[PDB]
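Residues per chain, in single letters:
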Amino acid sequence: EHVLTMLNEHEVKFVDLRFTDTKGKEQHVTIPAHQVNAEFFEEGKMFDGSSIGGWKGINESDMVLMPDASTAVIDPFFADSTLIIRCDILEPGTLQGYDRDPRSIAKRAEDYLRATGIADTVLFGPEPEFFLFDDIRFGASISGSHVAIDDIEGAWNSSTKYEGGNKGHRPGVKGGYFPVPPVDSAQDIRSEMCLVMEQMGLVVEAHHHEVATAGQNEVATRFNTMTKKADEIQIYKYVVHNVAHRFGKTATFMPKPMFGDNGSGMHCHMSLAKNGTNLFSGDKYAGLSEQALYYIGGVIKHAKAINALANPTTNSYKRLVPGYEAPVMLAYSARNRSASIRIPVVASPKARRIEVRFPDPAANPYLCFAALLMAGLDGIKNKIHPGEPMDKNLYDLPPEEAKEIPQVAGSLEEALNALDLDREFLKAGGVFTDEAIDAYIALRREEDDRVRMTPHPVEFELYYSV
Amino acid sequence: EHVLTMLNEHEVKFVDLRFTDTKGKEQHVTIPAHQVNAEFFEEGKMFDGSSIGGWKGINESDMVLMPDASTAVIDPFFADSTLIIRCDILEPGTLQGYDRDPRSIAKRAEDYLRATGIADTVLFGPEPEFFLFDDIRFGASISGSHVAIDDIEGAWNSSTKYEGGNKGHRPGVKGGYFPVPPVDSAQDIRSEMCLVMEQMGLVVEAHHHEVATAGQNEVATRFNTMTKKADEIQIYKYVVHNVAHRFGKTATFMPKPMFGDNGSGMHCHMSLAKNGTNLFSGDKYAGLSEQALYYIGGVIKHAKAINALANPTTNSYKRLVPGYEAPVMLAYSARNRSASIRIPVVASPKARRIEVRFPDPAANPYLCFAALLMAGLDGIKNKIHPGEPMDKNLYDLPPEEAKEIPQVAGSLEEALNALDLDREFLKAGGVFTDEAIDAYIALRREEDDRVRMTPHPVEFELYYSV
Amino acid sequence: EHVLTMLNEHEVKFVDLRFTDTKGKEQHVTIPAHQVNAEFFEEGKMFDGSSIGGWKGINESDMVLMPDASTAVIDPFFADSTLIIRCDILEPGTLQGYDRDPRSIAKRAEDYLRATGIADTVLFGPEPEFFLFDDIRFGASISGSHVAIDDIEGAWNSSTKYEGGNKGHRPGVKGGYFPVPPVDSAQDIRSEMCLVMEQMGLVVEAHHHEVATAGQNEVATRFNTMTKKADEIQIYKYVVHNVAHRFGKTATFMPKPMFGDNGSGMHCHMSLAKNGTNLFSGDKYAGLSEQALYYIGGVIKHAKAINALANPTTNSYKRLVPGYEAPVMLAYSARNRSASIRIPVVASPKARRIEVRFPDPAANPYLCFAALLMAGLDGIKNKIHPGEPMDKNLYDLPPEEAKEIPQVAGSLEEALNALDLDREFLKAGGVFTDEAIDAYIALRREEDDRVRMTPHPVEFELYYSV
């Protein structure tokens, strides 16, 4: 009913139905507002399943788009007044919730949480970073391939001739952390993104330029319950992509667009709760509950499999490389930023939580968050102890005992394989089905293949004169 | 009278008289509003027949334009207020309805339906798809020929240098199914098309980007009675073409503009009715009446001849090729999307119908719809049983029994020849005359010849070094 | 031994081993002269079969290259002295003669001729025509396709600006038949081709410019026994291609490179003989033997199947179109140049023969000639009477009885299908195996598909605004 009044209040002409595919990309279809009736909400609208990658095959194409009336929000970019309504994908007749629908999967995972009685709500606070460029060009054909990035902030443009003169105040390599404008050219744009994000229901905590030259930026938003947060991530990306477009830029959430400067990560802060109390505060290490520790143990035990969802691109592994600040060591600490799991030191026990650092923004919200949870729960159910916190150092020196302690997957294939083998913790509660998992893996292997099979420019530098 | 009041209400300065030629192209002529009087409606206006392709020859040029007052609608693009009035082409004196007038032919077919008493109204719900480009160039002369397509969405432009930078968020090949903007660059335009379509009497159900890269799009409209729907198709195309033009684009309803990506089809949903009840619902397969099955049998029996009207271009056959999703297998099913006849699975028996998938948007509304009907009726009158539904697979593997089951025509010539031989079902009720059919065939053979006789670029690749 | 002396006489450094693939394209591999020993001639050299299209598959790759010492001839273009030796492809161990080797097939056919005792030698006098251009450009990708032809003789260049001025004496469209230079710009080149052809063993009868503008030309060579003539065709093409290249031109034997002007044909004059007497001279029509007539009957009966070898490209059918001089009517005559079979009127009965006009230069020598023979023999063995000679007119007016008399295939697919069904006459004597035929058909269907599936530039002209 709230929806039917929003239609009149904003004189809506269209309703934009949205959903996410397996890869994590928001999709949409539009219907005139006059097509929204009572039926619409109880039985949804029909659409072809076979069209989305990794979904229904040759025989069972048709499926249901079920509008979730709680998600109604006005689109701030479209020319004609239109209302966005996120939808779940349900199996026809049964109206159950498609095994391969990432939002259904995430909901199932929140259900299973309540069911085990371990807690009643999961809290996710992801920190996606991104880049804002002016020009992005790439291609690949039989005779070669290339990628060219360009932005007014790129340090390389210190020598570029410009029509009205080079005004040259640019962030150097790894020198983007906070120079005030004009070095930072994105203040106005970061704020528009903030205002718009809030007009769309998100709550912004801060915004700032990130480390890399050439437009790395970040908008920090307040956490929320798992599934609602993944929804927020989708909106977040949408706002970022579109505000950038409107400003004459182009944004990307790729994890490592440039060799030699910062990649973009999506740290995930998590904590559990029951009847308003934070199940993660306690007397153990850094203010943690023993539940938190088991959770951590779970995440560490299933890290490589989580990688397949939290770092789902070959590019993801160009960020997760033996570097200093590389969040690749499977350990926890409240200081050592070598550890992929940081423990925020905060006063109020109400805010005690863990920060899993290896995820990147390419990750499917839904599936990434879900896999993080399930690993945590399995860590609890099986009281998987974390061991002791690493407070020493990262991957380089150490190099004492060859420092072969836990680490995240080193390639996408490896992560996919881990997901293959270590799938039980995900199938728990019937959240993830084998079919879903196998389909996801197949989609990504096809991507992994393109990169493995196509000659790399660097290979010419290294081997043309062989 | 309603017309004469619309003239005053909108301060109309002109009346744009419209009609369609044999090929399916809407035509027009304009007269000042002050030329609209009582006479106009009862006796129409005179015009030269010999000017339209495939119409009157050397001796009998003059014919009548009969305004159909029910079709009055304001043109939303012209600068000066003008009212559009669709017209039928009548033989002078007799005022009968020209044998070769596609609208008259379609009306005759609706009449014959009522006459046989099989039903009192036919329902058509076509789904024309189309492409929106930025640049289209082509030519052919003695020294060569070419065609060049270009659009900001084309995947090939991932490498193109642009004045203000390449913002690069483009739908990859076969990757247009629903990425939200900015990947989908046509939201605003699809909605203007919707709003305008509705201002012109159409009822829109949905709009979305289609599968192909480079601007394939679709506006779904509500079905209507056969002849009124063909009228709607013409308006639909008009709106699409002109809104595109106003937005700096160029739209085409060609069936296969690009090799390697989706073509554009025009699926046709059909059903019959009498005194408000759906003659297609029943206890037989998937909720069908035995009448529906005979109809299907008719369509299948006369498929190749229908092709000559539903796929009237050589280009049409570049879409209908042994592909996976190619709607080329003459069979029905509620799932197998290899079958050119899908049976929508819907709850309300009031909405039971069949979907003939092989038609393309190049088809003349009128003649295509009519041929579909006549084939259906002949399927009924002669209780032509469908056989059993194909629920196995498409054209490739199968490949067991060489899988030579029914198929649609494989070339325009073949389709024209089928139409030649299998014309009886069309002549039924005096709907289609031999002269009309022979004239249509002659028009298309001339087109078929251009393509058969002109060297193809690929022939050089294949045989220049022979 | 003659070969071993040619090696010393010309101080040969290399031996270029040549052969032809199924499509008809000459192939080669080179070995130092010092690799030529006694063994070489008796056991040949080994090579990978799987590399040539339509040959050995996954398991049986290796085959034998058997040098035919009778074919030794010096290459007139290579920089270092090299001797060309044509080779047959033999099955290893058995040393039989590969079923799919076109030269072996042609030899088998000459054998079968002698075996039936019908005659002891077959005489072939083909007349391949060709084009000489300056620039040829073409391509096809997802966004389009094109072909651009250019030559200093092209009539279209009457308006072109040239660096040193346009000297403008060019052959107009269809106006190339014999204007003396400078209109004819290829006298010097046609003669070099002649001299070189003769240095390579061919005997030249004449050379002249052909009908089409833009460099159509022809070098007429003396007939020879079937297999030796096909060898000559290969050499002929080689000389043409390479002399053109050396003169800064580019030659093509494609049958119809331009719409609107002459295509290139390869008329085939044939006759049979026994113990020096011409089995084709007689008292019947135009000086023919009844044997000749049965031969003609055979050719006419199996025309469509022969087409698959004599007109093996989709392009071939752009030459064979209802035109005036189009050699498409399956009939004979000594005058009517509408007839695909002309009977040369000559005095000496020693020179009596038939001229089958529909072949084009794209045809595989071997397979085309062989198919022509086998059809002729089957015409004899089964005394297939020709019927009466057509002396009336071609395809247009006539148009009396709709003039549906015999005609050659109208498309490649049709020809391939005919070859499929009408294969018996080819399998006779074990000359053609089913496997060979099926493989050939598969190679060409793949080619036919490219053309059928790729949008044609003309389709845009005809249907973009549909």
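Residues numbered from 1 in each chain as written, not as in the entry; some residues may be left out. Chains lettered and ligands numbered in written order. Part of a larger assembly, values for the part shown. Heavy atoms only, no water.

Per the PDB record, the structure was determined using cryo-EM to 6.2 Å resolution.

On to the UniProt feature "binding site: ATP" in chain A. Residues and elements named next belong to chain A. UniProt feature "binding site: ATP": in the numbering of this structure it lies at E205, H269, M270, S271, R337, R342 and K350. Taken along the chain, the residues just named run across 146 residues; in space they spread out, the farthest C-alpha pair reaching 23.4 Å. Relative to the elements of secondary structure, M270 occurs in strand β14 (residues 266-274). If sequence neighbours within four positions are ignored, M270 has contacts with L123, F124, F280, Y295, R353, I354, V356 and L372. By relative accessible area, which is 8% here, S271 ends up buried. Look past the residues within four positions of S271 in its chain and what remains in contact with it is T121, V122, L123, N278, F280, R352 and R353. (UniProt positions renumbered as here; feature names shortened; annotations may be inferred. Helix = DSSP H or I, 4+ residues; strand = E, 2+ residues; numbered from the N terminus. Contact = heavy atoms within 4.5 Å. Buried < 20%, exposed > 50% of the residue type's maximum accessible area, 1.4 Å probe, protein only.)

Here we take up the interface of chain B and chain A. Listed as interface residues are 41 residues of chain B and, on the opposing side, 43 residues of chain A. Of the roughly 3,200 Å² buried between chain B and chain A on both sides combined, carbon and sulfur atoms contribute 54%. Connecting chain B to chain A are two salt bridges. For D62(A), the salt bridge identified is with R337(B), shortest N-O distance 3.0 Å. (Buried area = accessible area lost by both parts, 1.4 Å probe. Salt bridge = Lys/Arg side-chain N within 4 Å of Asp/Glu carboxyl O.)

Two quantities define a packed helix pair, namely the angle between the helix axes and the distance between the axes. Residues and elements named next belong to chain B. Across the interface, helix α3 (residues 102-116) lies against helix α8 (residues 365-381) with an axial gap of 9 Å and an inter-helix angle of 20 degrees. One element, α3, and the other, α8, form an angle in the roughly parallel class. Every pair of crossing elements has a handedness; the one defined by α3 and α8 is left-handed. Residues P102, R103, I105, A106, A109, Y112, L113 and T116 of α3 form the contact with α8, whose participating residues are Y366, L367, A370, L373, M374, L377 and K381. (Axes fitted to C-alpha atoms, helices over the stretch in contact; angles between N-to-C directions. Parallel < 35°, antiparallel > 145°, perpendicular 65-115°, else oblique. Left-handed = near helix turned anticlockwise from the far one by under 90°.)

Within a regular strand, side chains alternate between the sheet's two faces. Residues and elements named next belong to chain C. Extensive coverage of strand β1 (residues 14-20) is indicated by the burial of six of its seven residues. Bridging between β1 and strand β2 (residues 26-32) involves seven bridges; their strand directions are antiparallel. Each bridged residue has a counterpart across the sheet, and for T20 the counterpart in β2 is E26. In this sheet, strand β6 (residues 82-90) lies alongside β1 in parallel orientation, the contact comprising five bridges. Across the sheet, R18 pairs through a bridge with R86, a residue of β6. (Pairing = 2+ DSSP bridges.)

This paragraph deals with the state of the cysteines. Enumeration over the complete set of coordinates arrives at zero disulfides over all chains. With no disulfide of its own, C87(A) lies closest to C194(B) among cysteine sulfurs, the gap being 17 Å. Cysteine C268(B) shares no disulfide, and the gap to the nearest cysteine sulfur, in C368(B), comes to 5.0 Å. (Disulfide = S-S within 2.5 Å.)

With that settled, the discussion passes to the interface of chain C and chain B. In this assembly, 54 residues from chain C lie in contact with 54 residues from chain B. On the chain C side of the interface with chain B, the three residues burying the most area are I142(C), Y463(C) and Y464(C), jointly 15% of the side's total. The residue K318(B) makes a salt bridge to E459(C) at a minimum N-O spacing of 2.3 Å. Counting every contact that joins chain C to chain B gives 19 residue pairs in polar contact. Residue assignment for the side of chain C that touches chain B shows that the elements contributing at least two residues are β8 (135-141), β9 (144-150), α5 (226-246), β13 (250-252), α11 (434-453) and α12 (457-463) of chain C. Per element, the largest residue contribution to the side of chain C that touches chain B is seven residues, and it comes from α12(C). In the side of chain C that touches chain B, the residues fall into 29 nonpolar, 15 polar and 10 charged. In this structure, strand β9 (residues 144-150) of chain B lies alongside β9(C), joined through five bridges in antiparallel fashion. Within β9(C), the position partnered with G144(B) by the bridge is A148(C). (Polar contact = N/O pair within 3.5 Å; in protein donor to acceptor, adjacent residues only side chain to side chain. Nonpolar A, V, L, I, M, F, W, Y, C, P; charged D, E, K, R; others polar.)

Glancing now at the UniProt feature "binding site: L-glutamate" in chain A. All names here are of chain A. Under the present numbering, the feature "binding site: L-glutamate" in UniProt falls on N262, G263, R319, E325, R337 and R357. Within the element layout of this structure, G263 appears in the loop between β13 (250-252) and β14. You can call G263 buried: its relative accessible area is 9%. Once you skip the residues sitting within four places of it in the chain, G263 turns out to touch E129, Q216, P255, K256 and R319. Positionally, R319 belongs in the loop between α7 (303-310) and β16 (329-333). Residue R319 is classed as buried on the basis of its relative accessible area, which comes to 10%.

What follows deals with helix α4 (residues 187-199) of chain C. Residues and elements named next belong to chain C. For α4, with 13 residues, the first-to-last C-alpha span of 19 Å sits near the 18 Å given by 1.5 Å per residue. Looking at α4, one finds that the buried residues are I189, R190, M193, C194, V196 and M197. Those residues of α4 that are buried are in contact with β7 (121-133), β10 (204-209), β11 (216-221) and α5. Once α4 ends, the next one or two residues include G201, with phi positive near 95 degrees. (Expected span 1.5 Å × (residues − 1).)

A word on the environment of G297(A). Residue and element names in this part refer to chain A. Mapped onto the fold, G297 is located in helix α6 (residues 290-301). Residue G297 is classed as buried on the basis of its relative accessible area, which comes to 4%. For the pair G297 and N382, spaced 85 residues apart in sequence, the C-alpha separation works out to 9.6 Å. When sequence neighbours within four positions are dropped, the list of residues in contact with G297 reads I384 and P386.

So, on to the relation of the copies chain B and chain A. Expressed as a screw operation, the relation of chain B to chain A combines 0.2 Å of axial shift with a rotation of 60 degrees, fitting to an RMSD of 0.0 Å. The transformation relating the two chain copies, once decomposed into turn and shift, fits a six-fold axis. The rotation axis passes nearest to the C-alpha of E163(B) in chain B, at a distance of 12 Å. (Least-squares fit on C-alpha atoms.)

Attention shifts here to the packing of aromatic side chains. Residues and elements named next belong to chain B. Tallied over the full model, the rule gives 40 aromatic pairs over all chains. Between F124 and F369, the aromatic rings sit 4.5 Å apart at their centres with planes inclined by 20 degrees, giving stacked as the arrangement. Remark: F369 occurs in helix α8 and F124 occurs in strand β7 (residues 121-133); sequence separation between them is 245 residues. Assigned by exposure class, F124 and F369 land together as buried. With 6.4 Å between their ring centres and 75 degrees between their planes, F130 and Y236 make a pair best called edge-to-face. (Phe/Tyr/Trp six-rings, centres within 6.5 Å; stacked < 30°, edge-to-face > 60°.)

Here we take up the relation of the copies chain C and chain B. Taken as rigid bodies, chain C and chain B are interconverted by a rotation of 180 degrees and an axial shift of 0.0 Å, the fit giving an RMSD of 0.0 Å. Both chain copies can therefore be described as sitting about a two-fold axis. In terms of C-alpha distance to the rotation axis, chain C has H146(C) as its closest residue, with the C-alpha 2.0 Å off the axis. When the interface residues of chain C are mapped onto chain B, 100% of them again fall at the interface, so both copies present the same face.

Our focus in this paragraph is unusual backbone geometry. That bond from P181(A) to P182(A) is cis: its omega, 0 degrees, falls within 30 degrees of zero. Relative to the helices and strands, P182(A) resides in the loop between β9 (144-150) and α4 (187-199). Its identity as a non-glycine residue notwithstanding, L397(B) has a phi of 30 degrees, on the positive side. Within the element layout of this structure, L397(B) appears in the loop between α8 and α9 (412-421). Phi at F178(C) takes a positive value of approximately 85 degrees, unusual for a residue other than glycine. You can see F178(C) is positioned in the loop between β9 and α4. Overall, the relative accessible area of 45% leaves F178(C) in the partly exposed class.

The next subject is the pairing of β7(B). Residues and elements named next belong to chain B. Judged by how many residues are buried, β7 sits mostly within the fold: 11 of 13 residues are covered. Pairing analysis gives eight bridges linking β7 to strand β14 (residues 266-274), with the strands arranged antiparallel. Residue pairing across strands places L123 opposite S271, the latter belonging to β14. As defined by bridge partners, β7 adjoins strand β12 (residues 224-225) across two bridges and the pair is classed as antiparallel. Counterpart to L123 in the pairing with β12 is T225.

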